[PDB]
Amino acid sequence: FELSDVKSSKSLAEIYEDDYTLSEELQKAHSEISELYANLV
Amino acid sequence: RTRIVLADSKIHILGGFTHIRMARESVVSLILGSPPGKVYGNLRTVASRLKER
Amino acid sequence: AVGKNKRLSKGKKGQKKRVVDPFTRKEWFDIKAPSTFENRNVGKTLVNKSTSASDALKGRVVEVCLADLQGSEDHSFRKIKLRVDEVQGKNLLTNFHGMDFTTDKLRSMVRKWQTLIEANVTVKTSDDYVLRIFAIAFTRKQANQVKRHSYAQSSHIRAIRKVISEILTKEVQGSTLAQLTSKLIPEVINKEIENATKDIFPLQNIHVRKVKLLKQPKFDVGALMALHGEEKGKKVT
Amino acid sequence: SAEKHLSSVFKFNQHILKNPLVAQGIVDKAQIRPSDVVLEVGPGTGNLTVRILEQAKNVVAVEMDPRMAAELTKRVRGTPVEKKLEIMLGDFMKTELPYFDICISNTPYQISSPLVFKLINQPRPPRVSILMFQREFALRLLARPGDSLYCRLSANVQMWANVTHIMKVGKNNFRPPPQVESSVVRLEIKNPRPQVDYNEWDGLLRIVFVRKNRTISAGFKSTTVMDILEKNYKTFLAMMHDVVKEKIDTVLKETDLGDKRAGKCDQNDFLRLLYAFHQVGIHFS
Amino acid sequence: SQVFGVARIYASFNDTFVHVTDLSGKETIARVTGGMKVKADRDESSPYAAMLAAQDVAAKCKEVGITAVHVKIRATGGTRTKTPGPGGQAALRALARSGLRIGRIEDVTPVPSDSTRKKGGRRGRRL
Amino acid sequence: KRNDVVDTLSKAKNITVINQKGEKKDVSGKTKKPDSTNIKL
Amino acid sequence: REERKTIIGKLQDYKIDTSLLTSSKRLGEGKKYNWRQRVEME
Amino acid sequence: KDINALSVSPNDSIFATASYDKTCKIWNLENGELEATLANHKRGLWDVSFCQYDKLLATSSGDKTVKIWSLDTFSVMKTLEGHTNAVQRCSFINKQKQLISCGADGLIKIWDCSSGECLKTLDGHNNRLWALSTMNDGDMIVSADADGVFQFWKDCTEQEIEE
RNA sequence: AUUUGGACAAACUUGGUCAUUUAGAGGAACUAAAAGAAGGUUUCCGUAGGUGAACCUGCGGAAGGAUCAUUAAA
RNA sequence: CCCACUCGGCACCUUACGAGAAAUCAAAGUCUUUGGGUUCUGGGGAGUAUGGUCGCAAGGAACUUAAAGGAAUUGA
Ligand SMILES: [Mg+2]
Ligand SMILES: [Mg+2]
């Protein structure tokens, strides 16, 4: 794990709010990877 | 998962009861003389535990 | 920790049974303030009923904010201690016992870049009431001042302290406590200190921080009644 | 399915030696007679035990870590010396140890001082013992009267035994390197044991070594020391604060030790002080 | 028609005391602590224990006749920390929720003009 | 790997364990322990 | 040594137990027995 | 320290006192002379109970253990462990065979004196048990909670085996 | 108080005799046995100590040790 | 209190047409190599061995089969 050393953009309410509501970004890369592979193929 | 205001020699910590105690320990270690790098490592350890629970 | 896992203690062996509710035997009593204050009603207190009740009442001290007694928020930061001296038909006649400020107000005035001047005097009233007064003052910067700070030389501090002690000593000696308390409420003492010490050095937040009552003479019920401004019984049949 | 019991005693949660020369030396200086049963503390993997097992009638290896115990077992199973090794597991301060003639120990430094006195008080104690301590603790055992490190440990251990330095072991020889330097020593418990009560000797030494470089008289000026010695005297009479004060003064003056410092006193000086107090009826413990 | 008490809250590091008494302070009306309301030592200072203690006191006060209270919160003070901890803050919130009218809130922590040495030693404490 | 350690200890016979009380008990958990009359008769 | 031997020898004359003596460590602190078995049997 | 319990032997020849100073002393009843001192527990003794048939003594401590003493040797025969909290009462049932104990954990444990194993655990209380009385060699057992709840236990081994 | 004699008689020691459990070592039977990662630690100076010392501790001192936010007022 | 000036002080910021390899220095500068007066001083971290010096204690009885002479809920 990596720990952020910069000021968090999310206010303390937001972090609690977000956790109230494996990774979307990771799946975002997966879709792009498939698109890049398909175009290259 | 807290917020800290360092007003001169006066420290205020905002957060949940368990969270502010965790922040207080790290701050106190720094006051007692622990170098920041060593405190940063322990923060990573507790930060990992916080996610699994 | 009332859990079962908590280790047993020796003291748990024999415990008195709770068989009497204490408030069954308590009796309520009403506290009244001197005539120097606008609001006489300052609440009520309770004591075990006489088997006497008066003995526990006498010497009891209650501290209350001046804002309640004067009905104005301007005294929110000042507290007055009143001591029970006489009891008459559940009415507790109280007398002035001391004065003090709230801690939050004291911390507010103390600030950096200025000098703190505090003076104290032990002095007695004309009623032979020995009391100790504490005064506090702070330097201030003039209207056109450009320096960040407004420190005063120790010569100015010693000069100001001497003036303050003279004023505190003068007023207390030439006044009764009932008169002295009458002076505290409008804060005329502070304004007098301002004008006298002003030519020495400009000042701000001049206040009488605290008042203590070191000694008391022989209690006088006649004087106490006059300060508060007898009654036949009813035939029981 | 022994996990039920072994887990009830251990949780299954060290600096290992890496110089063969010291290990061979410790065995060599032991001079194990063939008819000697040896007690081996901190057997570790078994590097030192196997050398001892070759020369000894029987070897009792005392261990605290269950994991290392298996390592010792696997190294000795199906060998001529398997029948002469008794591996014991667990904390060994509390138990009554068997009889042993020689003790070779790579002791955990935490249990150094309990171990040194367990061997001393062991009924029929061993004749020679090669123990591995840290430099500071070892030097205090080896400290002589008048030295900077002379202390209660030096005086107590030197009357029940004789401690002599063997070797210094550096922090490089151990991995991971410890922050303190090591050394080997030999302890020779005296036989017959000196016929002085252990409590009486330690009782006197504790009072006078509160401030070792301070005069002996000042040690007896303490009110608590005055109080306890008074109660001890009352117990002696049963089988007076001013009286005990005078009694202490006469003993210190006559023995000519009241102006001396415990850091510069020998066994004789303490013995003379102990005797004079007994004549006057003050029994320390 | 409004009888006033004094709610004295002592918020220590290891416990919280909620103590309601008359205006004089000589007569105790109800004293409840976090330890009485929790099963483990570690949780005595917790805000959860403080709220249960405050609610229990408020129920007792209404029975006796007290309908309003003046809050006088304090910390350990002396040579130790001077600000009431989260335990004291939780008790204050619980009293407000209980329905008792809060008259005046003041911090009366014992603050020394000058103090004796602290327990830590030269190198500090509170690891 | 701890279970492998435990089985090795139980496999061996020259091993004794100390409980917190200091008692001498074998791996299985039972207290580990000649008379002229018994051997002759 | 001979001085040591004499002193220890004389200590033998003045020797006692230490169970009751306060340790110096405190300085820092400052019918038949089974008649019941008969009645039930009968 | 404070004396917690007193027990009298079957023949009234000796009686034992349990104190919170971690010791039990056995006194000769006729003269009051100290027959022996039993000092093995680590916390103060809450109760001491003579065995009513042979020369045994059970002492209950705050160290969560109960120990059976042989009077003839005045030594600890068996030590019983398993209570989560201090053991407040201990009495013999079924003559020499078994021992029943109560603790602050609210659990009543029936032990086997010979083997020192917990045969049964009766859990009908939610608080510490100060009082425990037995009748007819433990055929009837009554335990009182600190809350004020009585549990009148009746032996039913003979009944269960018949079923 | 104390003495003689006559019965009742607790308790003690002793060899036997019946009943009850009960400890090791043997011998010889019967029954049962459906599982399958990493993870505590500032560097020293002077002085004083150390018996659960892989190092600890008391007093005074040093940086040769990583400064974010708010902040003139109105 | 404000402004301007002037002595002495704790300090600070920007720069050196100077110095230094550099960190940096109003001195650690005195226009290429050198003299205003005067006091003192000089010519790191790990190991190896010793024809050297000085020091440092106490005390008055082995033997088993080497070994299936075994393990085994797992075997023959
Ligand atoms: Mg803490
Ligand atoms: Mg040092």
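- As recorded in the PDB header, cryo-EM is the method behind this entry, and the stated resolution is 3.01 Å.

1. Quick word on the overall build of chain E
(1) Moving on: Looking only at helices and strands, chain E has two helices and five strands in total.
(2) Moving on: The N-to-C order of helical and strand elements in chain E reads β-β-β-α-β-α-β.
(3) Moving on: For a compact globule of 127 residues, the expected C-alpha radius of gyration is about 14 Å, and chain E comes in at 15 Å, within 12% of that figure.
(4) Moving on: Expressed along its principal axes, the backbone C-alpha trace of chain E runs to roughly 55 × 35 × 20 Å.
(5) Moving on: Counting across all 127 residues of chain E, residues that qualify as buried make up 43%.
(6) Moving on: Considering only contacts in chain E between residues 6 or more positions apart, those separated by 24 or more positions represent 65%.
(7) Moving on: With 23 positive and 11 negative side-chain charges, chain E shows a spacing of 7 Å between the two charge centroids.

2. A short note on the protein's contact with RNA strand I
(1) Moving on: Taken together, 42 residues lie around RNA strand I, and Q134, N156 and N213 of chain D together with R117 and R122 of chain E are the ones closest in.
(2) Moving on: Close to the protein, within 4 Å, the atoms of RNA strand I are drawn from sugar and phosphate at a rate of 55%.
(3) Moving on: With respect to RNA strand I, the side chain of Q134 of chain D contributes an N or O atom lying 2.5 Å from a base nitrogen.
(4) Moving on: Those elements that place two or more of their residues in the surface near RNA strand I are α2 (36–52) of chain B together with α5 (112–121), β6 (128–134), α6 (135–142) and α7 (152–160) of chain D.

3. Description of the pattern of salt bridges
(1) Moving on: For the structure shown, the criterion picks out 28 salt bridges over all chains.
(2) Moving on: Where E171 of chain C meets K183 of chain C, a salt bridge forms, and the shortest distance between an N and an O atom there is 2.9 Å. Residue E171 of chain C is found in helix α5 (residues 154–173), and its partner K183 of chain C is found in helix α6 (residues 177–184); the two are separated by 12 residues along the sequence.
(3) Moving on: For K183 of chain C, a relative accessible area of 21% translates into the label partly exposed.
(4) Moving on: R67 of chain D is paired through a salt bridge with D65 of chain D; the nearest N and O atoms lie 3.2 Å apart.
(5) Moving on: Judged by its relative accessible area of 36%, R67 of chain D is partly exposed.
(6) Moving on: Because the salt bridges share partners, they merge into one network encompassing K10, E14 and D18 of chain A.

4. Remarks on the sheet that holds strand β1 (residues 4–11) of chain E
Residue and element names in this part refer to chain E.
(1) Moving on: Pairing is mixed across the open sheet formed by five strands, whose spatial order is β3-β2-β1-β4-β5. The sheet is open, and its two borders are formed by β3 (28–33) and β5 (101–107), each paired with just one other strand. Each neighbouring strand pair of the sheet contributes to a mean axis angle of 15°, computed without reference to strand direction.
(2) Moving on: Judged from the five bridges that link them, strand β2 (residues 16–21) and β3 form a sheet pairing that is antiparallel. From the neighbouring strand, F17 faces β3, where its bridge partner is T33.
(3) Moving on: Across the sheet, helix α1 (residues 47–64) is in contact with β2 and β3; its angle to β3 comes to roughly 160°.

5. Section: the interface of chain C and chain H
(1) Moving on: At the interface, nine residues of chain C touch 16 residues of chain H.
(2) Moving on: Summed over both partners, the interface of chain C with chain H comes to about 1100 Å²; 56% of that surface belongs to carbon and sulfur atoms.
(3) Moving on: Counting the surface chain C buries against chain H, the share from its top three residues, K4, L8 and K10 of chain C, is 59%.
(4) Moving on: Applying the counting rule to chain C against chain H returns three residue pairs in polar contact.
(5) Moving on: For the side of chain C that touches chain H, a count of residues per class yields one nonpolar, two polar and six charged.

6. Looking at the nonpolar core
(1) Moving on: With 69 residues, the main nonpolar core has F220, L229 and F270 of chain D as its most contacted residues.
(2) Moving on: Take this core: its biggest share by element is seven residues, from helix α12 (residues 267–280) of chain D.
(3) Moving on: If we skip the residues at most four places from it in the chain, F270 of chain D touches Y150, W201, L204, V208, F209, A262 and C265 of chain D.
(4) Moving on: Ranked by size, the runner-up nonpolar core spans 52 residues in total, among them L57, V172, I185 and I189 of chain C.

7. Some remarks on the protein's contact with RNA strand J
(1) Moving on: Close to RNA strand J lie 16 residues, the nearest being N144 and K147 of chain C, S35 and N162 of chain D together with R1 of chain G.
(2) Moving on: If you look at RNA strand J and keep only atoms within 4 Å of the protein, 73% of those are sugar or phosphate atoms.
(3) Moving on: At 3.3 Å, a side-chain N or O of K83 of chain D approaches a phosphate oxygen of RNA strand J.
(4) Moving on: Residue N162 of chain D places a side-chain N or O atom 2.4 Å away from a sugar or linking oxygen belonging to RNA strand J.
(5) Moving on: When its residues are assigned to classes, the surface near RNA strand J shows three nonpolar, six polar and seven charged.

8. A word on the side chain of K26 of chain C
Residues and elements named next belong to chain C.
(1) Moving on: By secondary structure assignment, the location of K26 is in strand β1 (residues 26–32).
(2) Moving on: In this structure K26 comes out as buried when scored by relative accessible area, which is 17%.
(3) Moving on: Of note is the side chain of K26, whose polar atom sits 3.2 Å from the side chain of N48.

9. Quick word on the pairing of strand β2 (residues 37–41) of chain D
All names here are of chain D.
(1) Moving on: For β2, the buried fraction is high: five of the five residues fall into the buried class.
(2) Moving on: Every second residue of β2 is oriented toward a common face, with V37, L39 and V41 on one face and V38 and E40 on the other, all of them buried.
(3) Moving on: Both β2 and strand β3 (residues 58–63) contribute to a ladder of five bridges, which runs parallel. Directly across from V37, in β3, lies its bridge partner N58.
(4) Moving on: Crossover β2 to β3 through helix α3 (residues 47–55) is right-handed.
(5) Moving on: Sheet analysis places β2 next to strand β5 (residues 102–105), joined by four bridges and oriented parallel. Within β5, the residue paired with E40 across the bridge is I104.

Conventions we followed
- Residues numbered from 1 in each chain as written, not as in the entry; some residues may be left out.
- Chains lettered and ligands numbered in written order.
- Part of a larger assembly, values for the part shown.
- Heavy atoms only, no water.
- Helix = DSSP H or I, 4+ residues; strand = E, 2+ residues; numbered from the N terminus.
- Rg over C-alpha atoms; globule rule 2.2 N^0.38 Å.
- Buried < 20%, exposed > 50% of the residue type's maximum accessible area, 1.4 Å probe, protein only.
- Contact = heavy atoms within 4.5 Å.
- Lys, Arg positive; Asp, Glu negative; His and termini not counted.
- Charge placed at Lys NZ, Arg CZ, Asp CG, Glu CD.
- Near = heavy atom within 4 Å.
- Polar contact = N/O pair within 3.5 Å; in protein donor to acceptor, adjacent residues only side chain to side chain.
- Salt bridge = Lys/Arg side-chain N within 4 Å of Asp/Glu carboxyl O.
- Pairing = 2+ DSSP bridges.
- Axes fitted to C-alpha atoms, helices over the stretch in contact; angles between N-to-C directions.
- Buried area = accessible area lost by both parts, 1.4 Å probe.
- Nonpolar A, V, L, I, M, F, W, Y, C, P; charged D, E, K, R; others polar.
- Core = buried A, V, L, I, M, F, W, Y, C linked by side-chain atoms within 4.5 Å.
- Right-handed = clockwise from strand over helix to strand, strands pointing away.

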